[PDB]
Every structure is written in C-alpha cells, then in structure tokens.
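Enquirer: Enclosed are the sequence and the experimentally obtained structure.
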Amino acid sequence: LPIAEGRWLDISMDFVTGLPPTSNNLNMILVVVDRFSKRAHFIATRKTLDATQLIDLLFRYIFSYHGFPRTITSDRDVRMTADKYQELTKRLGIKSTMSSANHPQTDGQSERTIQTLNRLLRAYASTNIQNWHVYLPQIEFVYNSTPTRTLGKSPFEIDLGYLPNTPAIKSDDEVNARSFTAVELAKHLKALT
DNA sequence: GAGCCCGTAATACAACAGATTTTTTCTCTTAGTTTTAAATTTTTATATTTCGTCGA
C-alpha cells in the first residue's frame, strides 16, 4: 500500500479475540498502528462495550486526540462495516478502505504488530486471570521504545524525536536528546521523515 | 587460490490471519449397590497335629 504520509495520515487497525476475561473484557485488542512512525497503540476494550455506536468512537477519539488521521485500512468486521461508521468517517474526511472478505493481509502491519504484541503479552501474562490490565500500557511503552528492523530507529523516537526518560544516548550525536526549543523542530523532524 | 578471526550486516522464513465446544469411543479413579458366603453353639463317632504335661 502507499508508502507514508505526514505522521500517520495513513493508519491501520484490526481486531483479534480469544483473550481471557478479567472484567468481562474478552476483546481487549483494538490495536491502532501509526503506519508512518509505527507507533502502534493498542487500548483495552471488550465486545460488549460498543458496536461503533456509543463508546467505541470515544476512545477512538482519545486515541485520535493526538492527531486525526486521513486514511484508515481495516477489515470487513461488523464493527466497521456499519452505516454509522462509514458516514461519520466520510464526514471526518477519512477513508475506510476495508478488506476483501477474509483477506487480513490488507491490515498486515497491524496484524504484524499483533504478532509482536502476542509474544510480549505472553511474556507479561503470568497473572493471566487475576490482575493484568496494567500490562497493556507497559507493553505499549516497551514495544514503542524498542528499535525495529526495517527502519533502524525505535518507533517512539521516529515521531516524537527524542527517546523516553533515562537517556541512553547512542554514539551518533546529542540529537536524540532534542528536548529543547521548538522553533527548529520542523527542519530536523522533516529530515527524520 | 586457501584458510582464519571478527565485526557488521544482509537474509529467507515464519507468525498475525475469529475462537471455541462437540463427536465417538475408550481407559483409570472412586463412590454406591447386590448376592452370598461367612463369624460363635450341639454333636456324634471316627484320626492326625500340635501343644501341654508328667515320669524315671
């Protein structure tokens, strides 16, 4: 699919199920992957919270509070083939670009994130049933800070510039400790783009 | 060629592809039922076993 845009104007998301319940939360995987920077957010949820009517859009917007996208790529799921979802996205100026009747490879990068997520979920899933909903933000923070392979830079520092706290600045420069005056961010952030 | 060390660095290969209940015999395990044979008495002559005691 088209390569990249201005910091996740193209985006992907998908669902996987089979997760064990903790508070009647047996979906808990609404993974949204910031395709350009591969920031790859995923927020806990459930099947019965919404069906794209009341609360699904609300945490979709609290994710989208950090920037509206311009293109979705998703599956033929009933939570996104509804008339309510397509029309609201059209009024938002954001395309749908659904899948092709059990062809999840259109959502490949989100599903590849899930494949990376599942291993880390098993790593952090010792307390499988009792209390583990605190681990998804932990898995997010670990996975974003870890450098990938296809780009050589961690997806956290690709968009935000700097790395998270406890600086372990590499031997390139001090440029990854970019937390200072913001009027010159545009030039080098476009260079990183 | 010929190989070796070591230090980087490419490199095909595979996982994400809704998850769960059933379906049909089998095989330990563990608790409830059923039929039946057996623990203490008389007893009667027979015999052998094994104690138990006594004797010069």
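Expert: Ah, there it is. Residues are numbered from 1 along each chain as shown, chains lettered A, B, ... in the order given.

Enquirer: any idea which helix or strand carries the closest residue to residue A:155 other than its chain neighbours?
Expert: Counting by Cβ to Cβ, 6 or more residues apart in numbering, residue A:155 lies nearest to residue A:38, which is 4.2 Å off, once chain neighbours are set aside. (Each C-beta comes from the backbone N, C-alpha and C, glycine too.) Residue A:38 belongs to no helix or strand when assigned by DSSP states H and E.

Enquirer: I'd assumed residue A:154 was in contact with residue A:38.
Expert: No: taking contacts as Cβ atoms under 8 Å, residue A:38 lies outside contact range of residue A:154: 9.4 Å.

Enquirer: anything in contact with each of the two?
Expert: In terms of Cβ atoms under 8 Å, 6 or more residues apart in numbering, residue A:38 and residue A:154 are both contacted by the residues residue A:148.

Enquirer: which one of these two has more residues nearby?
Expert: Counted by other Cβ atoms under 10 Å, residue A:38 and residue A:154 do not tie: residue A:38 has more neighbours, with 22 against 19.

Enquirer: what sits against the more buried one?
Expert: A:109, A:113, A:148, A:151, A:155, A:158.

Enquirer: Give the next helix or strand downstream of the lengthiest helix in chain A.
Expert: Identified as the longest helix of chain A according to DSSP state H is helix A:108-124. Sequence order places helix A:135-145 as the next helix or strand after helix A:108-124, per DSSP H and E.

Enquirer: How far off centre is whichever helix or strand comes after that following helix?
Expert: For helix A:135-145, the following helix or strand on the C-terminal side (DSSP H and E) is helix A:155-160. Distance of helix A:155-160 from its chain centroid, counting by Cα atoms, centre = their mean, to the nearest Å, is 13 Å.

Enquirer: Phi first, then psi, for residue A:91.
Expert: Note on residue A:91: its backbone torsions stand at phi -70, psi -20 [degrees, to the nearest 10].

Enquirer: where's it relative to DNA strand B, distance?
Expert: Residue A:91 sits 28 Å away from DNA strand B, going by Cβ to the nearest atom of the strand, to the nearest Å.

Enquirer: now swap in residue A:165 and tell me
Expert: Separation of residue A:165 from DNA strand B (Cβ to the nearest atom of the strand) stands at 27 Å.
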